[PDB]
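The structure under discussion appears below in the form of structure tokens.
Cβ placement follows ideal geometry from the backbone for every residue including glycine, while neighbour counts extend to all protein chains displayed. Only the coordinates and a few stated rules stand behind these numbers; no lab work does.
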Amino acid sequence: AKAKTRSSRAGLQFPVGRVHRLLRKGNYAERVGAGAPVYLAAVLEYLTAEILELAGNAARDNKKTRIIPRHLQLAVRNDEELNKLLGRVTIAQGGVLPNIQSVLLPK
Amino acid sequence: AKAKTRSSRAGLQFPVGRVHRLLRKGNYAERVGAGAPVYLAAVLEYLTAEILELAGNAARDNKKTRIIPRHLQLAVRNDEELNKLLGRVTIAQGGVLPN
Amino acid sequence: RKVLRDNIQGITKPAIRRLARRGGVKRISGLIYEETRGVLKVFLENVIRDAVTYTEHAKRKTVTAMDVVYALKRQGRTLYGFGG
Amino acid sequence: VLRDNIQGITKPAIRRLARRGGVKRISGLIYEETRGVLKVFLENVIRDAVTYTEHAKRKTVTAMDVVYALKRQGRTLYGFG
Amino acid sequence: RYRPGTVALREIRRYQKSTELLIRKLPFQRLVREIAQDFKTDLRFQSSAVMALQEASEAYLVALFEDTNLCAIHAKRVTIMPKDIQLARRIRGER
Amino acid sequence: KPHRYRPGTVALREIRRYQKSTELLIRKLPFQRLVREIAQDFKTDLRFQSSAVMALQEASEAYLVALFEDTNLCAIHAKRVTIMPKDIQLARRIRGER
Amino acid sequence: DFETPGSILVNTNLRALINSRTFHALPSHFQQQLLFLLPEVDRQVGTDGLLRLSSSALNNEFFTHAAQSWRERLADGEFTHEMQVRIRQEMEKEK
Amino acid sequence: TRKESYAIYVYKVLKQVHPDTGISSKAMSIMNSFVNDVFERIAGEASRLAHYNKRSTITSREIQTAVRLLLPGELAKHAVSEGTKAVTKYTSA
Amino acid sequence: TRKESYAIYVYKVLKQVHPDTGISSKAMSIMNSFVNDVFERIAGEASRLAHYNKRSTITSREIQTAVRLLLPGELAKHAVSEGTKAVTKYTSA
Amino acid sequence: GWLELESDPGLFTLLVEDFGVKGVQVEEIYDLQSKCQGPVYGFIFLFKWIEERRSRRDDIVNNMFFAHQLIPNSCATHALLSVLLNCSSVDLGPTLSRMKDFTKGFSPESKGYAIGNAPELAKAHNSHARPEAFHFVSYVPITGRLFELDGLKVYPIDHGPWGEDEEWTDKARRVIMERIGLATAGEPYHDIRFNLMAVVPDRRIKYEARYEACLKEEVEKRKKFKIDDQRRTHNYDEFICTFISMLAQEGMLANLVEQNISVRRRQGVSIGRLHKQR
Amino acid sequence: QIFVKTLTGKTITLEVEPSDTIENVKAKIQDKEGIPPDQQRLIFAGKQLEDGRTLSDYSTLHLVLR
């Protein structure tokens, strides 16, 4: 009885099995369909890929090879849709976007 | 044996049985203790009594004997704690306070 | 059915004046009308988008009041008086 | 016994915080109002966290309690689990 | 002839004590149908849904106008201008 | 006379310096003492993990920075470059915190 | 302006403004006229026969609270002429 | 199909507090919506509280803690007092 | 005991996207917390959506509708497309 | 109607003298120590009456004179009546004697209504009128028992027999401690607006019977009470206006005001226009 | 250091000087408790202290409220 992961069937990286287990244990519904965890895992993987792309670009702009929370803050806040999704979220050691009001500039 | 409602045992007006049924059917937890529905019914009764008493006072101050949504809005917005509880809530046909 | 266009101008200037008067506004400028039309259009777009999504999920073609109430609740603007 | 440690938030600290926020010129009465606002916010968050801790019959406030209290307020915080 | 600003005060006192709707039903209904036509074609609305939408929109606009008046008073003026509305929406975090 | 900068230049320099950085702007011990003093009212003999006070400080700093941004916006709207307590009160009134 | 809420006096510390030194700077006639509005005991019968301000006549718990209340009432708009006319009409209604 | 509501219990409470005051249908619907909203808020908070401690039972303690978390100040104190009195009276009956 | 997390999967995705870029531990914790937050949001929304229609199960359709409700615009479109492709590939295998 | 009266022992002493009672005075009790209170005929206590939110949930009636408070701001007057008319060791005077004789058999509501229509009592009460609510209650020894009279209560509450009719301080001290421990909800350091006063027989008469310096002290206290009554009933509006006008005309007023400014300026608040300007 | 006792029995420790007036002590009491000095009266050795005098003119003192 050779075991093949459900994640390997759909070409995903995330643990579909773990997602299914968390769905069952979370009391979200009386029963859980089989197709739901695949969809959820694909969505999570896509969002993580987008975040990592933007963070990597921001980190490379700073001439560093490690993604630090500052890069994540810059990537999240510099994108309209990601900022809208995470409007109420605070990131530890994130800093602020560089911007200065026009009127405060010297005359 | 004679049927004696659980709401009568605790001296409450709200239905304990209906609260217990809703808690069980709402998937809020795997198991529901026996004491939880009584406590929840008491809390709901207290809140309803407070709101209704304030609304009745407001209606009496308006020389009317029937409570209308405007009276509910006036009662809620004139109480600091109740207004803080319902800060994000909009009441239909509520109007605004004279200010 | 007829095609509905330029209904944003259906929110007449006196209506916006009355709405401002209810809010306690004593004096009103001229651009407030167009700004209010834009804001109302945006708010209605968001709410109706959520309501239509809810309705389409239920495989219906008639938008009920409960869909609107659920959309408002999901947007943080819980509305009483129509159930739920 | 600790008393009147709200003065521990010195004027230069508030000045630095305002500088990070893009403030150019600051009045003299800002500091007291800022201290009051900070005290109110900390009171609310600590009250919720202490209630969470009391429910679990523990005597040590953990990071998860603070994170949950913040999430209840709508101030979701990442990085601490 | 009343002095300017008197009729405004009387209208404020009159409207702040009444709870009826302030927008005409049919224009709002047509606007709602026009907006909803884009997302999905051939939709139908119960009258209660339209009423709920109208009530919510009126409440939102009233709150926005109160905040705009507060901003305008803060700016040492008695006339509201679109920058007041923009500032209020920016501070609320809605933009 | 020694070198003396015009007013407002050091303000811009500090603004850039503190906007390009990410470290904590409040010293650890005063904040920890404040947190313990505030918590003394609800329950006695409470003990705090270090990560708890760290998270509290992070949240407080973020909240204060956002409040100061909104206050600066209001002050600019009032045709002024100096923030005053009326601006903070107006910001907290509009936000719904009061 | 000694009766409009917009006066500087509403933001002025009156208790330190009016004191023994302020009383001394006044001429004797003005001092006697002001003392005639004081109670009968705060006016100590001096050796010369002229009534004098007691050492604890103005620095009083009652006088300080009276000054604070007067400033607060000036803030509230009680002392304006229109409110004075309204008070006179109310007194006419009473008697 | 029956559609349940809290109309009769709210009316009983109203007659308890104001013997001579009636209520229109719209206010009744508003009160029913408010009751449902508060019920679901407290139930969800209690569910999350029970889930955090890795327990599987909702007892009176979780409801009390949720009430302390939601209602501010005097409302919380009075609600706790009422709940404790009701449970104490119920437990011996 | 053990504390599970999504570290290795995020590491694999990062290596797929940017082969030469590393990630600090704090950034890893932030990413894990973000993943957990998104998962709980979507699961709760799907649960409420299923309960609204009085159903008993969570299927792919509820997840798709919840995704449409939460993610705005282009994120929603891309997520729906990716989910559809993954579901089709899984059902074909 | 009637106006609130400040919780001052001199004010109550002047009220008692206005009512016609002689040989008795009101002293202030500044602490709960047993030495603080000696031979007394009645206790008057003020804590509050704002606790009216959680609402909605015996032959001695013919002997005790209890009048219900059917008019506002008469709590002090009702407390004084409870202390006096239930004590037969003081000269009630013709006015209170006639009031007691006429209103002895009436119901507490009728007693209060008849009190409210008494001209002399109303004039004395309103003589101190100025041109969070607080309430007055009384503790009295009646027939060897402690009775608490409050105008908002149905009838006096019996707190048990006295140790003795002449010596009744300590039994009421514990009742006062209980009352304090309820308003502050445990920790006594929450509310401190309590006030306690004792209606005691004239100290001067006792000292003379038995102290010349004590008589001087009593006379000076009475003079101070007279001064306080005059000040509380004096309107300083014209006095202040004349003083400010004279200072402005003389000239130094402007500089004095610029010097004592009370609020820090240049911070949003409109400081206002100069004195005697517009 | 001086001690102030209230009707409830609360103990207040104040750091004062012999030249401090009654007004200064009442201001310090207000700072520690929030009760305005105009509603505060001080009694020492069974005698109530009048306004304007100093401590040296007349330790545990008693505070009363009006």
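So residue F:94 fits all but one of (1) under 24 Å from residue B:84 (Cα atoms); (2) of a type outside the set (D, E, K, R); (3) part of a loop (DSSP other than H, G, I, E, B); what number is the exception?
(3)
Mind listing whichever residues of the stretch K:41-66 are assigned to a loop (DSSP other than H, G, I, E, B) and of a type in the set (S, T, N, Q)? Lay out the reasoning, then the answer.
So in the stretch K:41-66, the residues assigned to a loop (DSSP other than H, G, I, E, B) come out as K:45-46, K:50-53, K:55-59, K:66.
Answer for the stretch K:41-66, where residues must be assigned to a loop (DSSP other than H, G, I, E, B) and of a type in the set (S, T, N, Q): K:56, K:59.
Here are the criteria: (1) more than 19 Å from residue J:147 (Cβ to Cβ); (2) aromatic (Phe, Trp, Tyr); (3) in contact with a strand residue (DSSP E or B) (Cβ under 6 Å, 6 or more places away or on another chain). Tell me which single one residue J:2 does not satisfy.
Every condition holds for residue J:2 apart from (3).
Scan the stretch D:1-28 residue by residue and report those that are surrounded by fewer than 13 Cβ atoms within 10 Å (Cβ to Cβ) and facing chain F (nearest Cβ under 7 Å).
D:2, the sole residue that qualifies.
Here is a list: B:58, B:41, B:49, B:29. Which entry is assigned to a loop (DSSP other than H, G, I, E, B) and more than 14 Å from chain C (Cβ to nearest Cβ)? Outline the logic, then answer.
Numbers: B:58 fails: assigned to a loop (DSSP other than H, G, I, E, B); B:41 fails: assigned to a loop (DSSP other than H, G, I, E, B); B:49 fails: assigned to a loop (DSSP other than H, G, I, E, B).
Checking each option against the conditions leaves just B:29.
Among the residues of the stretch A:1-15, which ones are part of a helix (DSSP H, G or I), surrounded by 17 or more Cβ atoms within 10 Å (Cβ to Cβ) and at the interface with another protein chain (Cβ under 8 Å from one of its Cβ atoms)? Reasoning before the result, please.
Taking the stretch A:1-15 and keeping what is part of a helix (DSSP H, G or I), we get A:6-9.
Within this subset, residues satisfying the condition of being surrounded by 17 or more Cβ atoms within 10 Å (Cβ to Cβ) are A:6-7.
A:6 - this is the single residue of the stretch A:1-15 that is part of a helix (DSSP H, G or I), surrounded by 17 or more Cβ atoms within 10 Å (Cβ to Cβ) and at the interface with another protein chain (Cβ under 8 Å from one of its Cβ atoms).
Output the qualifying pairs, or none if there are none: Cβ atoms under 6 angstrom, residues six or more apart or on different chains, first residue in the stretch J:1-20 and within 14 Å of residue J:224 (Cβ to Cβ), second residue among the polar types (S, T, N, Q).
Sorted first by the residue in the stretch J:1-20, then by its partner, the pairs are J:13/J:25.
May I ask you to list the residues in the stretch I:42-62 that are assigned to a helix (DSSP H, G or I) and closer than 25 Å to residue C:48 by Cβ?
Answer for the stretch I:42-62, where residues must be assigned to a helix (DSSP H, G or I) and closer than 25 Å to residue C:48 by Cβ: I:42, I:44, I:45, I:46, I:47, I:48, I:49, I:50, I:51, I:52, I:61, I:62.
List pairs: first in the stretch F:26-52 and facing another protein chain (nearest Cβ under 7 Å), second among the hydroxyl-bearing types (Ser, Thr, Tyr) and surrounded by 15 or more Cβ atoms within 10 Å (Cβ to Cβ), Cβ under 6 Å, 6+ apart or cross-chain?
From the stretch F:26-52, the pairs are F:49/D:62.
Do we have any residue at all in the stretch F:13-29 that's over 19 Å from the mean Cα position of the chain (by Cα) and surrounded by 11 or more Cβ atoms within 10 Å (Cβ to Cβ)? Working first, answer last.
Residues of the stretch F:13-29 that are over 19 Å from the mean Cα position of the chain (by Cα), as a first pass: none.
Scanning the stretch F:13-29 turns up no residue that is over 19 Å from the mean Cα position of the chain (by Cα) and surrounded by 11 or more Cβ atoms within 10 Å (Cβ to Cβ).
Residues to consider are I:67, I:80, I:87, I:13; find the one that is of a type outside the set (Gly, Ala, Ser), within 20 Å of residue A:71 (Cβ to Cβ) and surrounded by 15 or more Cβ atoms within 10 Å (Cβ to Cβ). Reasoning before the result, please.
On the way: I:67 fails: within 20 Å of residue A:71 (Cβ to Cβ); I:80 fails: within 20 Å of residue A:71 (Cβ to Cβ); I:87 fails: within 20 Å of residue A:71 (Cβ to Cβ).
The conditions single out I:13.
Can you tell me which residue in the stretch G:12-29 is nearest to residue J:254 (Cα to Cα), limited to those that are polar (S, T, N, Q) and within 16 Å of the chain's Cα centre (by Cα)? Even if it seems obvious, please write down each step before you answer.
Here is the first cut: in the stretch G:12-29, the residues polar (S, T, N, Q) are G:12-13, G:19-20, G:22, G:28.
Now restrict to residues that are within 16 Å of the chain's Cα centre (by Cα): G:12-13, G:19-20, G:22.
Working: G:12: 11, G:13: 13, G:19: 16, G:20: 18, G:22: 13 Å.
This residue is G:12.
Could you check residue K:22 against (1) surrounded by fewer than 12 Cβ atoms within 10 Å (Cβ to Cβ); (2) under 20 Å from residue G:60 (Cβ atoms) and say which number it fails?
(1)
Any idea how many residues of the stretch C:60-76 are in a loop (DSSP other than H, G, I, E, B), more than 16 Å from residue I:69 (Cα to Cα) and not β-branched (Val, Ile, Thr)?
Quick first cut of the stretch C:60-76, residues in a loop (DSSP other than H, G, I, E, B) only: C:60-61, C:64, C:75-76.
This time we only want the ones that are more than 16 Å from residue I:69 (Cα to Cα), so: C:60-61, C:64.
Then keep just the ones that are not β-branched (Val, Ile, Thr); that gives C:60-61.
The number of residues fulfilling the criteria is 2.
Identify all residues within the stretch J:145-162 that are in a strand (DSSP E or B) and out of contact with any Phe, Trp or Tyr (no Cβ under 8 Å at 6 or more places or on another chain); write none if there are none. Outline the logic, then answer.
To start, the set of residues in the stretch J:145-162 that are in a strand (DSSP E or B) comprises J:145-149, J:157-161.
Once the filter is applied, which keeps residues that are in a strand (DSSP E or B) and out of contact with any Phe, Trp or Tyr (no Cβ under 8 Å at 6 or more places or on another chain), the stretch J:145-162 yields J:160, J:161.
Looking at the structure I just gave you, is residue I:65 under 24 Å from residue H:44 (Cβ atoms), part of a helix (DSSP H, G or I), among the hydroxyl-bearing types (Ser, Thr, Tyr) and in contact with a helix residue (DSSP H, G or I) (Cβ under 9 Å, 6 or more places away or on another chain)?
Yes, satisfied.
Which ones in the stretch D:33-81 are small (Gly, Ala, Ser), closer than 16 Å to residue H:48 by Cβ, surrounded by fewer than 21 Cβ atoms within 10 Å (Cβ to Cβ) and more than 14 Å from chain A (Cβ to nearest Cβ)?
From the stretch D:33-81, those small (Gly, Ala, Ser) are D:36, D:49, D:56, D:63, D:69, D:74, D:79, D:81; that's our starting set.
Keeping just the survivors that are closer than 16 Å to residue H:48 by Cβ gives D:49, D:56, D:69, D:74.
Cutting the leftovers down to surrounded by fewer than 21 Cβ atoms within 10 Å (Cβ to Cβ) gives us D:56, D:74.
D:56 - this is the single residue of the stretch D:33-81 that is small (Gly, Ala, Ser), closer than 16 Å to residue H:48 by Cβ, surrounded by fewer than 21 Cβ atoms within 10 Å (Cβ to Cβ) and more than 14 Å from chain A (Cβ to nearest Cβ).
So, residue J:173, is that one in contact with a helix residue (DSSP H, G or I) (Cβ under 8 Å, 6 or more places away or on another chain), over 21 Å from residue J:63 (Cβ atoms) and of a type in the set (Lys, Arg) or not?
Yes; evaluated as a whole, the condition is true for this residue.
Go through (1) part of a helix (DSSP H, G or I); (2) within 14 Å of chain D (Cβ to nearest Cβ); (3) farther than 30 Å from residue D:72 by Cα one by one and return the number of the condition residue A:99 breaks.
Checking residue A:99 against (1) part of a helix (DSSP H, G or I); (2) within 14 Å of chain D (Cβ to nearest Cβ); (3) farther than 30 Å from residue D:72 by Cα, the one that fails is (1).
With the requirement that a residue be over 23 Å from residue C:9 (Cβ atoms), part of a helix (DSSP H, G or I) and in contact with a helix residue (DSSP H, G or I) (Cβ under 7 Å, 6 or more places away or on another chain), what does the stretch E:16-48 give you?
Answer for the stretch E:16-48, where residues must be over 23 Å from residue C:9 (Cβ atoms), part of a helix (DSSP H, G or I) and in contact with a helix residue (DSSP H, G or I) (Cβ under 7 Å, 6 or more places away or on another chain): just E:48.
To keep it simple, each residue is scored yes or no on (1) touching a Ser or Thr at 6+ places or on another chain (Cβ under 8 Å); (2) among the charged types (D, E, K, R).
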site	(1), (2)
G:16	no, no
G:26	no, no
G:30	no, no
G:40	no, yes
G:43	yes, yes
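Which of the residues spanning the stretch E:53-86 are at the interface with chain C (Cβ under 7 Å from one of its Cβ atoms), assigned to a helix (DSSP H, G or I) and in contact with a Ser or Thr (Cβ under 6 Å, 6 or more places away or on another chain)?
E:85
If you go through the stretch H:47-62 one residue at a time, do you hit one that is more than 7 Å from chain B (Cβ to nearest Cβ) and among the small types (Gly, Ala, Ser)?
No, the conditions are met nowhere in the stretch H:47-62.
Just to be sure, is residue G:50 surrounded by fewer than 16 Cβ atoms within 10 Å (Cβ to Cβ) and over 20 Å from residue J:252 (Cα atoms)? Reasoning before the result, please.
Details: surrounded by fewer than 16 Cβ atoms within 10 Å (Cβ to Cβ): yes; over 20 Å from residue J:252 (Cα atoms): yes.
Spelling it out, residue G:50 is indeed surrounded by fewer than 16 Cβ atoms within 10 Å (Cβ to Cβ) and over 20 Å from residue J:252 (Cα atoms).
If a residue counts only when it is under 19 Å from the mean Cα position of the chain (by Cα) and more than 7 Å from every other protein chain (Cβ to nearest Cβ), which helices (runs of 4 or more DSSP H) contained entirely in the stretch J:187-278 have at least 2 such residues?
Details: elements: J:203-209, J:212-232, J:237-250, J:252-259.
Fully inside the stretch J:187-278 and qualifying: J:212-232.
Among (1) within 20 Å of residue G:64 (Cβ to Cβ); (2) within 13 Å of the chain's Cα centre (by Cα), there is one condition residue G:33 misses while meeting the rest; what is its number?
(1)
Take residue E:7 and decide whether it is farther than 30 Å from residue F:71 by Cα and either crowded, with 18+ Cβ neighbours inside 10 Å or hydroxyl-bearing (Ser, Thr, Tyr) (or both). Spell out how you get there, then give the answer.
Details: farther than 30 Å from residue F:71 by Cα: yes; either crowded, with 18+ Cβ neighbours inside 10 Å or hydroxyl-bearing (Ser, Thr, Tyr) (or both): no.
Answer is no for this residue.
Which residue pairs have Cβ atoms under 8 Å apart, sit 6 or more places apart or on different chains, and have a first residue in the stretch I:1-22 that is of a type in the set (D, E, K, R) and a second that is outside any helix (DSSP H, G or I)?
Here the result reads I:12/A:13; I:20/A:65, each pair linking the stretch I:1-22 to a residue that is outside any helix (DSSP H, G or I).
For the stretch G:80-95, check the following and say yes or no: at least one residue is among the acidic types (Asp, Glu) and surrounded by 14 or more Cβ atoms within 10 Å (Cβ to Cβ). Before the answer, list the steps.
To start, the set of residues in the stretch G:80-95 that are among the acidic types (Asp, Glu) comprises G:82, G:90, G:92, G:94.
Checking the rest, the ones that are also surrounded by 14 or more Cβ atoms within 10 Å (Cβ to Cβ) come to none.
Taking every residue of the stretch G:80-95 in turn, none turns out to be among the acidic types (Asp, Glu) and surrounded by 14 or more Cβ atoms within 10 Å (Cβ to Cβ).
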